[PDB]
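Colleague: Return atomic coordinates for the entry below.
(chains A, B and C, ligands or ions: 2)
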Amino acid sequence: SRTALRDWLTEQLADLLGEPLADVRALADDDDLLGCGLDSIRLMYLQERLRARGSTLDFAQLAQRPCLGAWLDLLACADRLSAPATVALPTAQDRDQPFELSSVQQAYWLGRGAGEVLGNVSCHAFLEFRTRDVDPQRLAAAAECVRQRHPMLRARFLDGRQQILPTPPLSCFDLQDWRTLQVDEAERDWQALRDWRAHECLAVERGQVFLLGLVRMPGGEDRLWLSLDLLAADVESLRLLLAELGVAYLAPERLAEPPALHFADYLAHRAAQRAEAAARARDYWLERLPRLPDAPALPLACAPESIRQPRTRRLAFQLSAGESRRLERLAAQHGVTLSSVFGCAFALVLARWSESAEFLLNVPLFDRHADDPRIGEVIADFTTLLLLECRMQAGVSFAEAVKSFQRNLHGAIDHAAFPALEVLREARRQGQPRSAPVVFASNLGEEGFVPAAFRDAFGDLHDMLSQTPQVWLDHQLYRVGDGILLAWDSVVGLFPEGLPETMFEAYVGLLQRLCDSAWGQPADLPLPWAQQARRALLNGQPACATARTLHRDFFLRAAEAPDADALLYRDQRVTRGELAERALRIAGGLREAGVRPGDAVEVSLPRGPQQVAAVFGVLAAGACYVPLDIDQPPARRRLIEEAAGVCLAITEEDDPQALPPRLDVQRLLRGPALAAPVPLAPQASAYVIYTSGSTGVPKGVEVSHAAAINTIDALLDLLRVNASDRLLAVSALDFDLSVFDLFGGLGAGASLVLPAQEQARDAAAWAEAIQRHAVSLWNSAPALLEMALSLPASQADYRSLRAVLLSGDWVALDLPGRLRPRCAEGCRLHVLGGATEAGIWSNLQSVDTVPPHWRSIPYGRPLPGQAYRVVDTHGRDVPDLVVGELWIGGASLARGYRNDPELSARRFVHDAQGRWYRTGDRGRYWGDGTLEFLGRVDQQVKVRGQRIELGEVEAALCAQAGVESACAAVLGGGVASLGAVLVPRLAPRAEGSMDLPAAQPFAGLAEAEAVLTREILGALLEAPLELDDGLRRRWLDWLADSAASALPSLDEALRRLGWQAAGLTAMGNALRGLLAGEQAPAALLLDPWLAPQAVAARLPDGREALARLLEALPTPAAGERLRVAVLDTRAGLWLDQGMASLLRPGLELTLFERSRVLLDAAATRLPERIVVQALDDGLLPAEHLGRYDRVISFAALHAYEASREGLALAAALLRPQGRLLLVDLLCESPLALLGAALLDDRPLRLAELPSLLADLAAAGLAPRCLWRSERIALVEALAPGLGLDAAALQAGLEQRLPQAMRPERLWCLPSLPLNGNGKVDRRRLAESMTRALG
Amino acid sequence: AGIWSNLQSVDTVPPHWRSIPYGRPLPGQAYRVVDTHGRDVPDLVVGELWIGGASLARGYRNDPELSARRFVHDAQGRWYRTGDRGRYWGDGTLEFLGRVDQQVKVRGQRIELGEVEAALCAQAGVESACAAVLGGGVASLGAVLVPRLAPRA
Amino acid sequence: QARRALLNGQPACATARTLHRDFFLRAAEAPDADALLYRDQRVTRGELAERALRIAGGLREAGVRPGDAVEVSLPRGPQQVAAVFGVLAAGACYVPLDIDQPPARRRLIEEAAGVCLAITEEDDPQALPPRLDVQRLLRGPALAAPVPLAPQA
Ligand SMILES: [N][C]([C][S])C(=O)O=P([O])([O])O[C][C]1O[C](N2[C]=NC3=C2N=[C]N=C3[N])[C]([O])[C]1[O]
Ligand SMILES: [Mg+2]
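Modeller: Numbers count the residues shown, from 1 in each chain, chains lettered A, B, ... in the order given. Ligands and ions are numbered 1, 2, ... in the order given. Below you will find the coordinate block:
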């Protein structure tokens, strides 16, 4: 009955909560029992009592709706829908034999290993207690009594299994009577002792799991300490131990009984009990293993694998009794367990400090669940490790957050049946390196951590330390007094030396806040105010900006000193006055040409004075200059123009009929000079520097005069630029560093050294110019200065160079090391940060020297007038040392993108902090407020220091005719080349028409192959130990099923196949050597007598099919050069059989295969007139696209993961109107079965030729089947005009990309490899390309 | 906010001060001037003063609700939400501008007029009450009573 | 925004510590040093510290424990300072009230506060909160040192 059931639940809740039966009964159906002080420890005990009862329920079920009514309902349903749990336990495990480890036990054991990741540690608790005076003899007696009483306390650990000794051979009590020492000496020795034994590797191997100890300090103080290996004892077990100790010290007579429930018995019973749940959980985890989050992405000073001896540091916060009370109350009001509160908080802090909000944390569960109540007296390691997946939502109230967290945890508690350890093991087995190095241990049962029994004899817990291995951060909670002890047992040196402290302080602040505030408050933690303050300081630096039009200063200068040198060129030099007059003439021409304030103007000129004048006149006319390198291709030019909405294009070409009106700059120089520059508001658009754009359409960064001038001022005031200075305009016009060159330098009065167009990348020229003109200021991407510096000092003199700006690409740490001896005394290297979209720059690290701790030259302080924010994916500012998205803000931001409002909105985001560019740069603040830039998560990459979005190069390839999809990457090596990958489009069509002259094959060939299989199976099975057990079983079954009892026949088999007794002897000897030498499976393909395609080339009359496939190469009849390619070369074995006839006059042969070594063997055995190219990592060079009139595949198309793969590869490799030649296996070859079994590959790859031709037509080819049908189907198909060609590709990339971002090396794939997420595997591709390089 | 959250040093009073302003925030703490909506107000703009930083109280002792109400959060962190009116100057100085609400000063000590009103409403025979600080040199606190008449037949 | 960020971002002078730390440090350094000055009498750092510690020990004897709210309702003087330093020293949180504070409002505060204890000139364990005589507390055993408090407390 429901009511009776309610009564029973009342009874259990009374028992568990320690409340009156009546009172409990009073609790409403709808009353939240976590509201009534229930916790997960109690509720797992209730779940166990319901399971004993037979009313089996999932803790998830109970704890998702933790109210009487819900449970009642559930139980009502369960009683008829749920099975009982009356599992018959094993009667007993021998109580003295080595028995199996618990999962958690296993984990802790594995950690002891020196070679284990962050291991080499005990997993022991060290406890510390303070008491005035206690008898050492009583303590020793109590320690030995507890060891004898509790089997587990004397448990030896070996070979991944645990054995309980009668009496351990090693000491149990460590007495250090230091009453004779000085107070200072005693304290120092104690400190040493603490720092030793708190981290001690307990001799578990000798039963030393438990080691009590005492120090008698001379100041009349006895410091009880307890080194307990949690291998042995759960921390609830530790407190039990505490209790036991206290009783044995005060009165061992009152020790009730040694618990009879032997731990091995417990383990066996528990295992048997959980088997079902275990399997369920395993299925759960397996369904979620690929989607598990990684470990918390916390800042790590030192790699955990790099820590040989991890020292633990506790961060302790004793939550007051009132605080505890408040937490409890609030948790109750919000319908959550206090442990979920703490855990939620912990998770939040992690997330905030974690690059990823989603992470794993090891939640040790209380898992004491057995039939015998006496189990709550046992001292064993009753823990079970929960692999808690936590996905902290940002922006939600802590109420929401906590609720979510609880739900997750409660759901996972059931799933914990399948241990965390095994989850992780499967992750490694599945290639997932994921782990849970962050522990959350909520030991929150209100009896107090330190039992009364213990408290009476000795003082409450003074200090403690965990040593959990493989654990970064062992978070624990203890009932200290009536309060809560917040413990962060972090690893010394693992984290930044100041990190853990900070993070713990934030944790404590959040908890306290919870205490004193409603949970409707945001879960998003505030930054540690120190951090925020620092960053505010960095961000708030006043703008140096004398808010003005970007051209103002230059013109000012020119009026002040028109005769002053402004520009320096190949030989000529241009004064301020001349440059200003030319710019004003250009501006007058533009206004005559219809240009007007703020109207976008394209500037496509070779580098030189006219370029400068054009830009200046653009600005002067009130317009916004859209710089484009003359090198800019027509197509991308058009794209830019269109996107830009460019009113006009200044060029060396007069073409009003162009897309935009295109004017000759020289004709504009003939125009009437304006009296003065058009009055522009500083806020007006200055330039539209076209960044590369991820969709393929180039993106225009519309930077205001205000913004550019802000940056320039910020840097001018710092560089102290003056008239005497001279810059070098190495920076392209369409690279915004030139904005500082032009405007900055000229406004300051500094002269500009202008490399010629031909000098755009000429380091020698640069050097010469520098030397000649005494250049005092340099400004570039570091890629250009590295190039410069490549020149010897003698060949290149930089000693005039007063200061250096390097920016917009990674400045290598040794580059200041090269530069200081080269440049002027007082070197003044500045490294500057921030994207095109923040004016020019947004940071400055001065580099008077590189300190050792820089992993890269950081972004320094933000420049004056602008700022940085490092943010989570959610937009919330990340703490210090925390990797997040760099957010540039301030006066220096671009107005947006030119004609991309959407993207502008996306990127130039808003906040209560203002406007922010949202760079997609990764980076982190440091504790000193420096800002480490950390590269990029995305497709924006640096090539030759220039900015390229790989999605642009990919889209410029996909624009190409015959391209389906493409991938681009920056490759390794010194070159640091861009490269890319192609996915052809094959134009699928209906070419399934087929005719088949199947008159040649006969069943005698099948019988003959069966006989040869019999011979080889007998040859190897006479020495069967060379195979493995599975291969032995398979070969034994085959000896009949494919050789003897299926198709028995005569020895005529050999005379039909071709290979005679000598060939069979060679095959057998090679097979025996292959298996004995451990060279399988690779060396099988190196043998002509054993490779499946090689044997298929002779056995099923494969040589005749090879001869016919060798026909239709018309080079001798054509009397002209022909190019032929092979996709299934491998070791060139069948080719070794047919090469002499294959090499027809004028025939050019190339060999392909997805292996370097096999093709090396093929080249070794085949003559020199044959080209060999490896599909390195399955990667096809683009050079071979559409280059071959004929393509050949031989008895290996099935070996490809899909016939579509090889068919697409051949179609791409075929010159238009070229013909594929293909022989493939439709029916299994019994000897090829042995070959595949040596390869251990499935014979299911094969299919009949109708499917082959269907796929081939789906590949766009038009097939014709020649002969031999079922055994060897000789198919030849024509390839249509895919349009793919190296030449063609090149042309297209020339048409659509500047030479700075064309792939220098180009590749091809039938299909892109995919990441676990289903996205393009760009890493893999990158790697592939890199390897392909050489 | 701990004890204090600003410091104006006063070596001399420049004529432009209509009141001695809150100066700079004290080290380790901060001020925000916000709209009713929580967004920061520009300079010279009258808004709610938001104190923040290391100096904030943990909250109210046993008033989580009120704590939440007052000690509000933002992307800028934790803020007390004083109900002081005030404005930032162009120089960064923070003119405090008194209060819109019932929190008022008597003998320099802090009184909420809603307390004095509720302490009168607690009185037998009181329906509703109003309190205010009065004019004159005394700057006295006074209050007004609304009797409850026990209506009957 | 920049200006205000500057204002707000001033680094914390805070040597993050328990509020009582410094005084005890001083006391240890110079116990003889004059700490308080009263009507006629003067109290040394040492004396004050001792008194505070005695108070603290009495508090902990009275069941007081870290972070637990303690009412301090004493006439202004050395005893009142001693009382709050001991409250702090005990690990507790002092809830100061004027002796002038009326019974009703006192009760209100006490209730609201969840005050563990009330330091007074009056011994009345039967009060709403356990009410202790400061003088009696002064007779309590002095603590070796202040209870170690986390600054966040
Ligand atoms: N010029 C430049 C600016 S500076 C440009 O425009 O380009 P970009 O792309 O934007 O830039 C570059 C990239 O990356 C980053 N950065 C800057 N700076 C730098 C870098 N990296 C490294 N290092 C350095 N320094 C940005 O942000 C972008 O993204
Ligand atoms: Mg960029």
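
Colleague: what's the closest non-adjacent residue to residue A:1328?
Modeller: residue A:1177 (4.0 Å; CB to CB, 6 or more residues apart in numbering or on different chains). Every C-beta, even on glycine, is put in place using the N, C-alpha and C of the backbone.

Colleague: count of residues packed around the one you found?
Modeller: 18 (other CB atoms under 10 Å in any protein chain shown).

Colleague: Might you report the residue contacts of it?
Modeller: Applying CB atoms under 8 Å, 6 or more residues apart in numbering or on different chains to residue A:1177 gives the contacts A:1154, A:1327, A:1328, A:1331, A:1332.

Colleague: How is residue A:588 assigned, secondary-structure-wise?
Modeller: The three-state label given to residue A:588 by DSSP: H, G, I helix; E, B strand; the rest coil is helix.

Colleague: Am I right that it is in contact with residue A:673?
Modeller: Yes. Between residue A:588 and residue A:673 there is a contact at 5.6 Å, judged by CB atoms under 8 Å.

Colleague: residue contacts, residue A:606?
Modeller: Residue A:606 touches A:630, A:652, A:756, A:757, counting by CB under 8 Å, 6+ apart.

Colleague: wait, is residue A:690 part of a strand?
Modeller: Yes. Per three-state DSSP, residue A:690 lies within a strand segment.

Colleague: Across the sheet, point out what pairs with it.
Modeller: In this entry, residue A:690 is beta-bridged to residue A:700, by DSSP bridges.

Colleague: That one - how many residues pack around it?
Modeller: Other residues lying near residue A:690 total 28 when counted by other CB under 10 Å.

Colleague: swap in residue A:752?
Modeller: For residue A:752, the neighbour count with other CB under 10 Å is 28.

Colleague: Verify the stated contact: it with residue A:727.
Modeller: Yes. Residue A:752 is within contact range of residue A:727, at 5.2 Å (criterion: CB under 8 Å).

Colleague: Can you check which residues contact both of these two?
Modeller: Here residue A:752 and residue A:727 have A:741, A:745 as joint contacts, going by CB under 8 Å, 6+ apart.

Colleague: Now do the buried residues in the helix or strand that residue A:1103 is a member of.
Modeller: Using DSSP states H and E, residue A:1103 sits in helix A:1102-1110. Along helix A:1102-1110, these residues count as buried under the neighbour rule (16 or more other CB atoms under 10 Å in any protein chain shown): A:1102, A:1103, A:1104, A:1105, A:1106, A:1108, A:1109, A:1110.

Colleague: any idea how far the first one is from ligand 2?
Modeller: Counting by CB to the ion, to the nearest Å, the separation of residue A:1102 from ligand 2 is 58 Å.

Colleague: Surely that residue touches residue A:1091?
Modeller: No. Applying CB under 8 Å, one finds residue A:1102 not in contact with residue A:1091, separated by 11.6 Å.

Colleague: Could you grab the helix/strand/coil label for residue A:284?
Modeller: Per three-state DSSP, the secondary structure class of residue A:284 is helix.

Colleague: How about the contacts made by it?
Modeller: Neighbouring residues of residue A:284 by CB under 8 Å, 6+ apart: A:415, A:418.

Colleague: Surely residue A:233 is in contact with residue A:202?
Modeller: No. Taking contacts as CB under 8 Å, residue A:233 lies outside contact range of residue A:202: 11.3 Å.

Colleague: Can you work out which residues contact both of those two?
Modeller: Overlap of the contact sets of residue A:233 and residue A:202 (by CB under 8 Å, 6+ apart) consists of residue A:209.

Colleague: Count the neighbours of residue A:1098 for me.
Modeller: 21.

Colleague: quick revisit: hmm, which two among the contacts of residue A:606 are most spread apart?
Modeller: Maximum pairwise distance in the contacts of residue A:606, criterion CB to CB, is 13.9 Å, between A:652 and A:756.
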